[PDB]
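The structure appears right after this line, and notes come after that.
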Amino acid sequence: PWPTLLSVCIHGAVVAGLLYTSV
Amino acid sequence: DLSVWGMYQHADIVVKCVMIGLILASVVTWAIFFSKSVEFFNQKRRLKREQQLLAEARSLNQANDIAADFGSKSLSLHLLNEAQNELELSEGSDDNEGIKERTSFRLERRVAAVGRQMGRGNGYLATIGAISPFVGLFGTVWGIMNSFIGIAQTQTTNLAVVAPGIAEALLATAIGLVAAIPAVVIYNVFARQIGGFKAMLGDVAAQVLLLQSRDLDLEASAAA
Amino acid sequence: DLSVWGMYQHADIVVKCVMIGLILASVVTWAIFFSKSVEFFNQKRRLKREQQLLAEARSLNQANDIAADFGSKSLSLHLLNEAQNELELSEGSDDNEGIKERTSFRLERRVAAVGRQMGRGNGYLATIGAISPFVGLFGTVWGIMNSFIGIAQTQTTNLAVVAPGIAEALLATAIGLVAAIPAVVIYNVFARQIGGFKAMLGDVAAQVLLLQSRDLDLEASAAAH
Amino acid sequence: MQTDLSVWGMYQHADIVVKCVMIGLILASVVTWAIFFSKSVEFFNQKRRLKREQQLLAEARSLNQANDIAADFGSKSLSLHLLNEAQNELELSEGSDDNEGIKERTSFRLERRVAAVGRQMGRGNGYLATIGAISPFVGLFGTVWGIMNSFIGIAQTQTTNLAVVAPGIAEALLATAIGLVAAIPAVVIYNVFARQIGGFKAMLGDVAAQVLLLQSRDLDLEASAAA
Amino acid sequence: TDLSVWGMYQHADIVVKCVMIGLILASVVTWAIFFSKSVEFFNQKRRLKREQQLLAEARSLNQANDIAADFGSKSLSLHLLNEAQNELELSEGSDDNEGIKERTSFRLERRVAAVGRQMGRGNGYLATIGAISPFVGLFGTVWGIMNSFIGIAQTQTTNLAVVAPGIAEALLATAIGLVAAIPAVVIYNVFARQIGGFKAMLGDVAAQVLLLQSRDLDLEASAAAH
Amino acid sequence: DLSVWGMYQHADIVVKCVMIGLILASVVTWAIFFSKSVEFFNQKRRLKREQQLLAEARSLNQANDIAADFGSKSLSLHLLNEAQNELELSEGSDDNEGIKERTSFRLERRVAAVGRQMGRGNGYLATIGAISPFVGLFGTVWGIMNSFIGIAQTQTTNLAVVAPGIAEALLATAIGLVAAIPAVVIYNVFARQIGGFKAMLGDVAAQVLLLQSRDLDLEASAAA
Amino acid sequence: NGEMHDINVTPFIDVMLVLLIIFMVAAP
Amino acid sequence: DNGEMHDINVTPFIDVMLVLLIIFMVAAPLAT
Ligand SMILES: CCCCCCCCCCCCCCCCCC(=O)O[C@@H](COC(=O)CCCCCCCCCCCCCCC)COP(=O)(O)OCCN
Ligand SMILES: CCCCCCCCCCCCCCCCCC(=O)O[C@@H](COC(=O)CCCCCCCCCCCCCCC)COP(=O)(O)OCCN
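Chains as they are written, first to last, in my numbering: chain A, 747 to 769; chain B, 2 to 225; chain C, 133 to 357; chain D, 751 to 977; chain E, 7 to 232; chain F, 2 to 225; chain G, -17 to 10; chain H, 89 to 120.
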């Protein structure tokens, strides 16, 4: 549904930032 | 060569499972927040708008004529039907105060039932809030313990040997609190918004009781 | 040094006794969960069936005719018998409000008694969940104290010489957390489920009071003509 | 780091995770003081008014005397609002003879209004209770991050000199300090407004009770005079 | 110098000594209350359970009096039946059965609450010992820490091994704090639950008295009207 | 130089303000204890004397004739007057259930008002019991920040230079707990005293309602 | 109602005693 | 209930232990 997809996307976005900033 | 991702990469398999578990608990607490926040906003907005319309009514007939268009899942229409249904179950009764008692009791059950049903999902917020500190802490205690168990074999005298493992351990408390704080804020927010919603629904149910009570007494005087 | 048995065997009695106590608290919280969950699930599953059948009923006599096929341990059949028995004990009365208030009071008491009986294990769970962390803290404060005595006696140390002492303290903490986490989860699962059950039983009791009260009024009306 | 330092220099070298923590706590404390100044002025005005209205109604011996005395009160007066709520229950019951019906309905209406006014008077209190309960643990998270960064320093530099652990203890102190500076006012102000709500709901309940006593007695005297 | 728990207590500062003695005495009180209250609650629970089970056959308030007349003077169920029968004998002239029912209901609810209050005696010590004994210990830790840093300063010492005895005092003052606190908090929660269960059981007995009285008044009234 | 007094004399102005603030909070919690313990002693001793006298009353007229001994500050005389005054305001009523509901409602309001007035100081005591550890430990954190800044302002390599600054800091927590512990003890003593007193006063008010209600029913029955 | 929902970080006291030992013993 | 304080505060123990940890983190690098 829309609430689980929104939540997992915003946490996907912050962990993608940890992947980027750790190079 | 440490960073918040590199620490997760070079951790024990038990600390990884704690960190993944806490991140999934974070995904759940925010999914519950976005789901319930929209539901409470829509139901609050509808109920307040219905109450503003029903405030015009001066008989239970006029009230259920005003409500007749409300959606089939409207709470004020559901309460008005539940009062009208006690009348249609009671048509042989000359006793009016018995109807006033039975409707008062039955609407109290339903206002409580709506508030209870609206509280679905809060058991996860309370549990995630209570245990996430202890689950993160278990990750830290285990991570520290596995590091010193190692030095106890190597006999090395330098703190810089354990320091990576110690930092990897403290990070599981940090993630533990990041899972905990939102859940405990959000649990209190919804516990308070359910209290305010149940109170507003009680103010709507009270209008149904007052209209029914007024009409039964006016009808009794008109028959006399 | 090498293993959890190494910490357990080479641990101060105070810390060893704390670890046995926390392990027994872990055993009792799982014993309560497996013992209570199966009988609670059968009560919850049964009561939901009884309510779905009784929701059809439109007089107290019809509700007795629905309920008579229920097992002799059914809480719904108990509430119907408890209400029917107030009519049995009141047969010479011409006052109905007395029958209503006595029945209302007697069912309220019966529902509360089942509420106490259903919640019976919770005192252990709430206590073990709140207190096991502090019992763990006493175990670590004591193990850490003994490690400062070790520093004070030997007066020549490095982080490997104390490593056994802090590994024993951390192990006592880990056992404390392993007792605490299940106890809080199990306690919250039952606190939700018991609340839902007491509410469902209260709505069955409410239907019995509504049926009796309505039936007395319709009989008292018919008696006027 | 460790040369000509100041508390602001200690914030200037902090990690970006601990800056966000303490900036977030500073904003949460600014909202705490904004609620304190806003609500304390409202409680003073409302309680100072309601005390006057109660003292002006104390000589009333009928609902007609209460209604005329209260006609001088401003349209925002809670005491006039409760008297209009009781008067309206008579003017919506005019053809009835069941005075017990009028009394129970008026009791229920005024109880709902007293609850609603108390519920509205408490508007900001849930924010204050949240900051007082949570800000210690938000501060604690920043301390854990500072302590962690101190071990990152030891690991990255392969030494235990004060200069390499110092950045971590520095930001751990700030996260503790700002955590306490947010917590302590929020606990104090929440206890003050919980006491002020208890005192105010009780005083409003005494006014609502006077309205019920006046109405109940006046109906029973009118019924006896009809008999 | 001895570093046994006794030698450590013998080396400690007077402020830390009287903290340790104060906490030890608080633990002696916490167990003295526990054994005193538990033997009384067990006897009062066992007695009231038997009395309730033995009153269950009563058809009428007169049968309940004849059953309860054999109960000893301290019997709570006999005391509740006396409160109900006394409201009848105080109001023989009254013809308002509803009043008697209301006055009796009010008396018995008040009596059950008074037995709850009387049974809750001494719990204030358990709450207070549970709340303060952690802090009292904490204070013993911090005073031990201060004395050790004052000792470092006065002696101008720089080997950290000299403070290891001093921080062992502080850790012991922590430990004795938890040893006083944890039993007191557990026992307070236990007695709070046992009193709630006892008030409920006594309430179920008091309810049977009201049901018997109310039914007898209604049945007497219909017989007199006929 | 260094002593439990001497380390106050040269401490930072912020921790001097914290220590003085906690010493003032200590003085206030002891002033509340000596003020309220005398008030509870006299108020409970009088109420016990008055209840033990009223316990023999069989009618409300007999209770008024007993209570005329009591001084104008008497809570029992104030409860008898509230009940008697409802008869005097209501003399035209033949409805007695109205006199019962009005009297019952007025006495529970008076008992609540007296109970709420007895609780005057407790909000302060619970506040000082809650915050004093944190206020004292904020004094330590600022003292440790100054000590740590002192190393960066004058670079140094032995702990005996900073050890006075550690003691100067840690004293603020010691004074923090010395303020907290009395406040929690005194608060619990008064919470328990108030509970027992509100119940004793409620048991006197209950006797007044029983006397009035029984007298109305007997007076009404005398019409037979 | 009756759920446990409060934060309980008390095992971090135990962790801080362990870091207090490892810093005490790792002095240069 | 009657409003008694009857439970361990948890948070004053964390925060004082936090400063006990920090004072030894600054002191131990300055010992021999
Ligand atoms: C440094 C600390 C050392 C450890 C101190 C541990 C605590 C010591 C105090 C223990 C008191 C035990 C009292 C037992 C009362 C039993 C009452 C009863 O008959 O059983 C009840 C069920 O039992 C209880 O409620 C007991 C509650 C748990 C107490 C035991 C766990 C304490 C914490 C862990 C201890 C182990 C670790 C310590 C090892 C040294 C039945 O129901 P109820 O209505 O009477 O009570 C409410 C629940 N329906
Ligand atoms: C690791 C710790 C830090 C990160 C994780 C925690 C971050 C905080 C999580 C906050 C979640 C809030 C969700 C939104 C709820 C809003 C609901 C609402 O409408 O208002 C609430 C009131 O507002 C709240 O409860 C807000 C609480 C905010 C807590 C913030 C703590 C500081 C966090 C700092 C870290 C983040 C820094 C970000 C960069 C600056 C409830 O109503 P009321 O009756 O109680 O109050 C009405 C009057 N306002």
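All C-beta atoms, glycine included, are put in the ideal place defined by N, C-alpha and C.
Cβ-heavy atom distance, residue i to ligand 2, below 7 Å
i        : result
D:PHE786 : no
H:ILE111 : no
D:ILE928 : no
D:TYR877 : yes
C:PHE280 : no
Contact check, residue i vs residue j, beta carbons under 8 Å
i                      : j          : result
B:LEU108               : B:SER77    : no
E:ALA90                : E:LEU61    : no
F:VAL163               : F:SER148   : yes
C:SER204               : C:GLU182   : no
C:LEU211               : B:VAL142   : no
E:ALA179               : E:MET14    : no
residue 239 of chain E : E:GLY136   : What is shown of chain E runs 7 to 232, which leaves residue 239 of chain E out entirely.
E:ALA231               : C:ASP335   : no
C:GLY247               : C:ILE164   : no
C:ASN320               : G:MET(-14) : yes
C:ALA189               : C:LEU343   : yes
B:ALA161               : D:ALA905   : yes
C:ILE231               : C:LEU350   : no
A:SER753               : B:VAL28    : yes
Distance cut-off 7 Å: residue i Cβ against heavy atoms of ligand 1
i        : result
C:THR259 : yes
C:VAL246 : no
C:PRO265 : no
C:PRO314 : no
B:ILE24  : no
B:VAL179 : no
C:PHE172 : no
E:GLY203 : yes
Chain G contact for residue i (CB, 8 Å cutoff)
i        : result
C:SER158 : no
C:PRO265 : yes
B:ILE145 : yes
Closer than 8 Å to chain C by CB, residue i
i        : result
E:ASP8   : no
B:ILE182 : no
B:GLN63  : no
E:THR180 : yes
Min CB distance residue i to chain D below 8 Å
i                    : result
B:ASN123             : no
H:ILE96              : no
residue 1 of chain F : For chain F, the structure presents residues 2 to 225; residue 1 of chain F sits outside this window and is missing.
H:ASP103             : yes
residue 1 of chain F : Coverage of chain F is limited to positions 2 through 225, which leaves residue 1 of chain F absent and any answer about it impossible.
Ligand 3 heavy atom lying under 7 Å from the CB of residue i
i        : result
E:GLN200 : Within the structure as shown, ligand 3 is missing, the only ligands being ligand 1 and ligand 2.
Beta carbon proximity, residue i to chain B, threshold 8 Å
i        : result
D:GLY845 : yes
Any C-beta of chain H under 8 Å from that of residue i
i        : result
F:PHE149 : yes
Chain F contact for residue i (CB, 8 Å cutoff)
i        : result
H:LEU118 : yes
- Message: To test your reading of the DSSP string, which unbroken alpha helix (DSSP H) runs of 4 or more residues are found completely within the stretch 153 to 212 of chain C?
- Response: 192 to 199
- Task: May I have a chain-ordered list of the beta strand (DSSP E) segments no shorter than 3 residues that lie completely inside the stretch 136 to 176 of chain F?
- Result: Counting whole runs of 3 or more residues, the stretch 136 to 176 of chain F contains no beta strand (DSSP E) stretch at all.
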